[PDB]
Participant: 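Before we start, here is the structure in question, set down as structure tokens.
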Amino acid sequence: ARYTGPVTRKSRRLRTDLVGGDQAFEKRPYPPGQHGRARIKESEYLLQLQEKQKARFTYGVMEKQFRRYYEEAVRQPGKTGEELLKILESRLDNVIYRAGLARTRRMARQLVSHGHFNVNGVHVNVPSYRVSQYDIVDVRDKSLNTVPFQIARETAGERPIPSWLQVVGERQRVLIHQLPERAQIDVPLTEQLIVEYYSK
Amino acid sequence: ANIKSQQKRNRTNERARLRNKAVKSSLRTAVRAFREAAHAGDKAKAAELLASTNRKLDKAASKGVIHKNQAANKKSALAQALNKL
Amino acid sequence: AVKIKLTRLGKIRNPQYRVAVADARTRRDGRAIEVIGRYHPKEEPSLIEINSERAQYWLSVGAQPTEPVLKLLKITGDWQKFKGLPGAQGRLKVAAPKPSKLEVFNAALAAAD
RNA sequence: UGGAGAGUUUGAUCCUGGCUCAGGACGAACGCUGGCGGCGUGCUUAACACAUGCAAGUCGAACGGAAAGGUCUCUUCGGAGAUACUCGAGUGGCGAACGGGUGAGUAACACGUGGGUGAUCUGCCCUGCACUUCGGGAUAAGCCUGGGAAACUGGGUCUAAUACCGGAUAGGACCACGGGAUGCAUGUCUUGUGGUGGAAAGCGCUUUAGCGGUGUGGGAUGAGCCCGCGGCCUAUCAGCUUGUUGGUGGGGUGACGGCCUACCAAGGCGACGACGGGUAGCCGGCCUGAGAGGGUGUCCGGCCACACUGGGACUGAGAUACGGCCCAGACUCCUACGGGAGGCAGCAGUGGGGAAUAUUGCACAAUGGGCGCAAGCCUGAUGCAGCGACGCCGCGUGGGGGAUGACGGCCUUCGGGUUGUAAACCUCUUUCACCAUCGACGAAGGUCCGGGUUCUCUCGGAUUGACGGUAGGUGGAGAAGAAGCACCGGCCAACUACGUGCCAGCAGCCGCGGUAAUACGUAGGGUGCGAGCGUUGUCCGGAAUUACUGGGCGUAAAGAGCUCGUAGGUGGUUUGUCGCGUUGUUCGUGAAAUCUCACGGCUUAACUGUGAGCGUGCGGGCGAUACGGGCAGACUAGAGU
Ligand SMILES: [Mg+2]
Ligand SMILES: [Mg+2]
Ligand SMILES: [Mg+2]
Ligand SMILES: [Mg+2]
Ligand SMILES: [Mg+2]
Ligand SMILES: [Mg+2]
Ligand SMILES: [Mg+2]
Ligand SMILES: [Mg+2]
Ligand SMILES: [Mg+2]
Ligand SMILES: [Mg+2]
Ligand SMILES: [Mg+2]
Ligand SMILES: [Mg+2]
Ligand SMILES: [Mg+2]
Ligand SMILES: [Mg+2]
Ligand SMILES: [Mg+2]
Ligand SMILES: [Mg+2]
Ligand SMILES: [Mg+2]
Ligand SMILES: [Mg+2]
Ligand SMILES: [Mg+2]
Ligand SMILES: [Mg+2]
Ligand SMILES: [Mg+2]
Ligand SMILES: [Mg+2]
Ligand SMILES: [Mg+2]
Ligand SMILES: [Mg+2]
Ligand SMILES: [Mg+2]
Ligand SMILES: [Mg+2]
Ligand SMILES: [Mg+2]
Ligand SMILES: [Mg+2]
Ligand SMILES: [Mg+2]
Ligand SMILES: [Mg+2]
Ligand SMILES: [Mg+2]
Ligand SMILES: [Mg+2]
Ligand SMILES: [Mg+2]
Ligand SMILES: [Mg+2]
Ligand SMILES: [Mg+2]
Ligand SMILES: [Mg+2]
Ligand SMILES: [Mg+2]
Ligand SMILES: [Mg+2]
Ligand SMILES: [Mg+2]
Ligand SMILES: [Mg+2]
Ligand SMILES: [Mg+2]
Ligand SMILES: [Mg+2]
Ligand SMILES: [Mg+2]
Ligand SMILES: [Mg+2]
Ligand SMILES: [Mg+2]
Ligand SMILES: [Mg+2]
Ligand SMILES: [Mg+2]
Ligand SMILES: [Mg+2]
Ligand SMILES: [Mg+2]
Ligand SMILES: [Mg+2]
Ligand SMILES: [Mg+2]
Ligand SMILES: [Mg+2]
Ligand SMILES: [Mg+2]
Ligand SMILES: [Mg+2]
Ligand SMILES: [Mg+2]
Ligand SMILES: [Mg+2]
């Protein structure tokens with residue numbers, strides 16, 4: 001399943017603009033609904049819960065899928081917030097967002113879901129495909145000379161590209177240098193209140 | 001029975017039972033004659049009954065009726081029964 | 001009789017196999033005496049490995065191979081180096097290899113500049 | 001590398017201590033709802049009763065034969081020719097003890113782990129060495145007749161064999177005496193002399209067609225038997241035991257043994273729980289937990305037990321003999337009443353019980369097995385498919401703009417607020433479904449066919465896939481076909497209005513409801529999840545509320561009224577020694593899967609392949625001697641005189 005609902009509504013409740021650029025948000029940054037302008041009780045559980053929601057609606061991950069990402073992140077060496085945001089940053093629909101081929105996250109998900117891409121010459125259509133080190137991310141020859149793929153040819157500049165991946169010229173393809181560590185991760189959220197959420 | 005080959009094998013089990021029983025019944029009487037001859041204290045008959053009884057235990061063991069260790073244990077008990085006499 | 005037989009332990013559509021020395025009075029996926037190789041009939045040649053020094057022990061003591069295992073021993077040269085047939089060298093063939101993960105990755109950095 | 005708390009005794013407080021809750025899990029069920037796929041999984045209750053079809057046969061290269069087919073076939077005009085490939089029935093061989101099922105019984109050497117077997121067996125398989133020699137009498141089938149309602153059975157003749165029976169010769173049978181090595185007591189192994197002994201079977205052949213037989217040496221494999229140690233409750237079960245405990249002589253078995261028997265002795269076991277009672281297949285594992293623990297034994301894998309109930313043996317290398325035998329019993333059926341038949345806890349299915357658990361499916365293509373020289377035949381094992389959201393995993397139901405904060409609904413302090421960039425509108429893309437088309441991998445093999453003589457080998461041909469015209473690819477059209485469920489007083493994320501008035505109802509706990517109910521019912525709004533979401537049942541967690549890790553007893557529950565003393569537990573200073581505990585190392589073992597880690601493959605994931613850990617242990621060998629203990633002394637401080 002997906003969410004398939006209003007997107008500004010879950011940025012107002014979480015008090016954080018999750019998509020890139022929104023004029024509906026910042027006219028009302030307070031939570032939606034009819035009791036929205038309240039000064040609410042900030043529980044310790046509320047600060048851990050709403051921090052976990054900030055990552056599910058940034059990346060578009062259901063709860064059972066997001067929990068399995070936590071299962072291996074707590075189980076790998078290093079930290080837990082480092083490795084949870086790493087394996088969320090390695091999903092294919094997030095890689096397409098960081099490379100500039102899509103304006104938002106939800107249009108990055110369809111272009112992977114509708115099968116407009118390859119990775120190692122292999123046709124893929126799964127949005128939670130996790131890329132690894134040295135993975136080329138190619139693109140279908142049918143998907144060239146298409147409107148959403150050529151409307152993102154001239155808009156290659158307004159968003160920055162992170163250091164761990166790289167885009168090239170008119171043969172559009174994305175090269176993964178290594179897995180992203182921490183510093184080149186975009187931060188709307190802290191990474192310790194998610195770890196403290198699953199200890200309850 | 002139901003399976004066709006178990007009707008066949010029911011017939012061959014009885015023929016093997018009658019064959020094994022007649023051999024084993026004669027071995028009891030061969031030993032029994034030696035036990036009476038060794039109770040007479042003769043050592044004349046009991047020398048040559050021992051040679052014919054131990055020969056019959058060997059031939060039963062070669063026909064698969066008794067086991068070879070069963071022939072060995074019965075020959076050794078009849079031969080030592082003569083050395084006391 | 002001691003048999004050298006195959007043991008199905010893959011997925012539903014992926015029959016992986018192990019070359020195992022077992023008894024004939026034994027089901028397929030029971031206790032084998034010893035595993036002496038493996039056989040994956042899903043690659044493009046196949047993926048055949050026999051231990052080939054423990055295979056020479058079990059053949060020299062009386063283990064009868066089944067008919068797929070007998071074909072495998074003829075490919076690996078084990079049945080030929082046991083019976084004295086002249087084809088004792090291994091006529092098995094691997095797939096033609098792929099360029100590795102780094103070599104293709106650098107050849108895209110070489111082509112983009 | 002891994003540990004969270006909250007509510008509730010009081011007017012308030014601290015403590016003690018129960019109860020309740022939030023989490024995870026399922027062979028699940030029920031309620032509401034429901035798109036697709038991958039991969040698992042499904043009678044937990046009646047080991048209740050079962051209709052029908054299938055679940056074990058094969059060999060003519062063992063044998064006599066000739067009912068069926070194909071012949072050269074006389075020619076009958078539907079009668080022939082065993083000579084003949086081929087083959088029903090029959091004899092003979094091998095298999096049928098495996099595979100498949102179930103968990104009733106079992107508290108036990110049943111299982112787990114580690115040893116012993118100088119106390120044993122082992123068909124088929126591999127190899128070393130010997131041999132394969134004379135004879136004989138039958139009989140199934142056939143044919144002819146008798147009985148019987150049947151099921152079945154009698155007699156007379158007749159014919160074979162690798163069927164059966166008797167000799168010759170052949171040491172791993174036996175007896176006595178020997179040496180020789182060996183030790184762990186009975187002894188074992190190897191050789192010598194003498195005296196007794198025991199086997200066999202042939203068949204086929206295009207002209208390297210080829211398969212078999214018997215005795216013995218050694219392997220391999222499977223198995224039997226004995227022992228250490230480990231895993232429930234119950235003392236409101238405290239005396240059990242007479243083949244019982246030991247010996248001797250015989251018997252018995254593959255083997256040791258009171259396993260059996262006679263005789264002699266008078267023992268054996270028990271408060272470290274005997275004998276009873278209750279319950280239970282055990283384990284790899286699974287669930288939970290920070291661990292230690294607690295619960296569990298379902299899929300899969302191992303071993304065990306049973307096969308309507310009870311008992312027994314036969315055959316065989318091997319038998320709890322599921323689809324064998326015989327007796328007894330219950331139940332169902334047939335009968336001419338004299339007598340007969342049957343056993344789904346195989347697969348599928350029916351009835352019944354229950355909250356509840358599926359098709360009277362396809363295929364031998366793959367893997368494993370049985371028989372065969374072989375082709376082949378058999379295989380409800382297995383491979384797959386059907387059905388159920390039963391579980392897990394994955395993906396869709398749109399995406400980008402878009403204020404004119406439209407209509408409506410709800411609230412309103414009548415100013416507005418909110419649902420809400422959400423719709424509408426413009427626009428982009430079609431994963432899946434849909435239509436069309438192509439179309440597999442599993443098949444370095446199975447068969448025939450030239451070379452490749454053999455065995456082998458492939459140039460290369462022939463056809464062979466249940467799943468399946470499925471997965472997958474390609475094309476086509478259009479946002480088009482696709483969202484619900486619970487909750488919102490506190491724990492615990494999420495609040496107002498109307499209706500109701502201790503009523504109707506709610507509730508896991510404290511509790512809410514008696515006219516302004518954030519707790520009842522509906523509405524709007526909201527939160528948590530999502531093809532699901534709740535509820536009940538069950539287990540662990542929280543619970544340090546059985547406390548080893550990790551608790552207490554003056555007054556909260558808890559020191560026996562007090563002493564003596566049995567078993568038991570614990571023990572001062574010091575020398576030497578042993579190496580049982582302890583500790584180091586190494587070898588053997590701790591199956592596979594599962595689990596952790598790292599790489600690989602399924603488009604990703606679940607799933608799956610490999611490698612390394614883990615398997616906390618146990619046995620063998622070799623080091624260390626501080627501490628504990630044993631043994632052999634010393635000492636005087638404790639204790640006693
Ligand atoms: Mg037969
Ligand atoms: Mg008589
Ligand atoms: Mg004896
Ligand atoms: Mg309390
Ligand atoms: Mg009080
Ligand atoms: Mg109170
Ligand atoms: Mg349901
Ligand atoms: Mg329904
Ligand atoms: Mg299925
Ligand atoms: Mg049952
Ligand atoms: Mg026939
Ligand atoms: Mg034969
Ligand atoms: Mg059986
Ligand atoms: Mg004759
Ligand atoms: Mg003879
Ligand atoms: Mg002789
Ligand atoms: Mg007596
Ligand atoms: Mg005796
Ligand atoms: Mg005795
Ligand atoms: Mg029981
Ligand atoms: Mg704990
Ligand atoms: Mg089981
Ligand atoms: Mg079962
Ligand atoms: Mg029954
Ligand atoms: Mg016997
Ligand atoms: Mg049987
Ligand atoms: Mg049956
Ligand atoms: Mg059934
Ligand atoms: Mg019912
Ligand atoms: Mg088959
Ligand atoms: Mg086969
Ligand atoms: Mg199935
Ligand atoms: Mg499904
Ligand atoms: Mg298409
Ligand atoms: Mg709250
Ligand atoms: Mg009111
Ligand atoms: Mg309410
Ligand atoms: Mg799902
Ligand atoms: Mg419950
Ligand atoms: Mg509890
Ligand atoms: Mg506890
Ligand atoms: Mg206490
Ligand atoms: Mg005290
Ligand atoms: Mg008091
Ligand atoms: Mg008190
Ligand atoms: Mg006192
Ligand atoms: Mg008192
Ligand atoms: Mg004492
Ligand atoms: Mg001391
Ligand atoms: Mg002591
Ligand atoms: Mg293991
Ligand atoms: Mg992996
Ligand atoms: Mg992968
Ligand atoms: Mg695996
Ligand atoms: Mg050791
Ligand atoms: Mg004194």
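Residue numbers start from 1 in every chain, and the chains themselves are labelled A, B, ... in the order their sequence lines are given, proteins ahead of strands. Side-chain atoms are counted along with the backbone in the values below, which use heavy atoms only and exclude waters and symmetry mates.
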Participant: In terms of the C1'-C2'-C3'-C4' torsion, is D/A97 a north or a south sugar?
Facilitator: south
Participant: Measure from NZ or CZ of A/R56 to the centre of the six-membered ring of A/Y3 and say whether it is under 6.0 Å with the direction within 45° of the ring axis.
Facilitator: no
Participant: Identify whether any heavy atom of B/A79 sits under 4.0 Å from a base atom; if not, whether one sits that close to sugar-phosphate; answer base, sugar-phosphate or nothing.
Facilitator: sugar-phosphate
Participant: Closer to the 5' end of RNA chain D via nearest nucleotide, is it C/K93 or A/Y3?
Facilitator: C/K93
Participant: Please confirm whether neighbouring nucleotides D/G268 and D/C269 meet the stacking test: six-membered ring centres under 5.5 angstrom apart, planes under 30 degrees.
Facilitator: yes
Participant: Within the structure shown, what part of the strands sits under 4.0 Å from B/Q6 by heavy-atom distance: base, sugar-phosphate, or nothing?
Facilitator: base
Participant: With sugar-phosphate meaning primed atoms plus P, OP1 and OP2, does C/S46 contact a base, only sugar-phosphate, or nothing at under 4.0 Å between heavy atoms?
Facilitator: base
Participant: Just read off the sign of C1'-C2'-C3'-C4' for D/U73 and name the pucker, north if positive, south if negative.
Facilitator: north
Participant: Within the 4.0 Å heavy-atom criterion, would you say A/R28 contacts the bases, only the backbone, or no part of the nucleic acid?
Facilitator: sugar-phosphate
Participant: Indicate, with a heavy-atom threshold strictly under 4.0 Å, whether B/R55 touches base, sugar-phosphate, or nothing.
Facilitator: sugar-phosphate
Participant: Do A/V195 and A/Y70 have side chains that approach each other closer than 4.5 Å (heavy atoms only, starting at C-beta)?
Facilitator: yes
Participant: Which sits closer to the 5' end of RNA chain D, A/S113 or A/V122, going by the nucleotide each is nearest to?
Facilitator: A/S113
Participant: Report which part of the nucleic acid C/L92 touches: base, sugar-phosphate, or nothing (heavy-atom distance under 4.0 Å, all strands).
Facilitator: base
Participant: When the distance from CG of B/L50 to P of D/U196 is rounded to whole Å, what number comes out?
Facilitator: 12 Å
Participant: Need one value for A/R2: base, sugar-phosphate or nothing, where a base atom within 4.0 Å counts as base even if backbone is also close, heavy atoms only.
Facilitator: base
Participant: For the sugar ring of D/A517, does the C1'-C2'-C3'-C4' torsion put it in the north or the south range?
Facilitator: south
Participant: With sugar-phosphate meaning primed atoms plus P, OP1 and OP2, does A/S199 contact a base, only sugar-phosphate, or nothing at under 4.0 Å between heavy atoms?
Facilitator: base
Participant: Using the side-chain heavy atoms of C/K11, tell me which of these nucleotides is nearest: D/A606, D/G368, D/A173.
Facilitator: D/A606
Participant: Are any side-chain N or O atoms of B/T12 and backbone N or O atoms of B/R9, one a donor and one an acceptor, separated by less than 3.5 Å?
Facilitator: yes
Participant: Given the ring of A/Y45, does A/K200 sit roughly above its face, with NZ or CZ under 6.0 Å from the centre of the six-membered ring and within 45° of the axis?
Facilitator: no
Participant: Taking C1'-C2'-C3'-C4' positive as north and negative as south, where does D/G239 sit?
Facilitator: south
Participant: Give a yes or no on whether D/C94 and D/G57 are a Watson-Crick or wobble pair, applying the 3.5 Å threshold to both distances.
Facilitator: yes
Participant: May I ask you to say what A/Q65 touches in the nucleic acid, namely base, sugar-phosphate or nothing, with a heavy-atom cut-off under 4.0 Å?
Facilitator: sugar-phosphate
Participant: Whole-Å distance between D/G396 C1' and A/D93 CG?
Facilitator: 14 Å
Participant: Classify the nucleic acid contact of A/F149 as base, sugar-phosphate or nothing, counting any heavy atom under 4.0 Å across all strands shown.
Facilitator: nothing
Participant: Reckon B/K59 touches a base, only the sugar-phosphate, or nothing at all at heavy-atom distances under 4.0 Å?
Facilitator: sugar-phosphate
Participant: Taking the side chain of C/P68 as its heavy atoms from C-beta onward, which of D/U603, D/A173, D/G368 lies nearest to it?
Facilitator: D/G368
Participant: Round to the nearest Å and state the distance from C/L47 atom CG to D/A443 atom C1'.
Facilitator: 17 Å
Participant: Taking A/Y97's backbone N and O only, do any of them form a donor-acceptor pair with A/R159's side chain (distance below 3.5 Å, no angle check)?
Facilitator: yes
Participant: Under 4.0 Å, heavy atoms only, any strand: does B/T12 hit a base, just the sugar-phosphate, or nothing?
Facilitator: sugar-phosphate
Participant: Identify whether any heavy atom of C/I75 sits under 4.0 Å from a base atom; if not, whether one sits that close to sugar-phosphate; answer base, sugar-phosphate or nothing.
Facilitator: base
Participant: Would you call D/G542 and D/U413 a Watson-Crick or G-U wobble pair if both distances must be under 3.5 Å?
Facilitator: no
Participant: A/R109 and side-chain contact (heavy atoms from CB on, under 4.5 Å): which partner among A/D93, A/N94, A/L92?
Facilitator: A/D93
Participant: Would you classify A/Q110 as touching base, sugar-phosphate or nothing, given that sugar-phosphate means primed atoms plus P, OP1 and OP2, and contacts are heavy atoms under 4.0 Å?
Facilitator: base
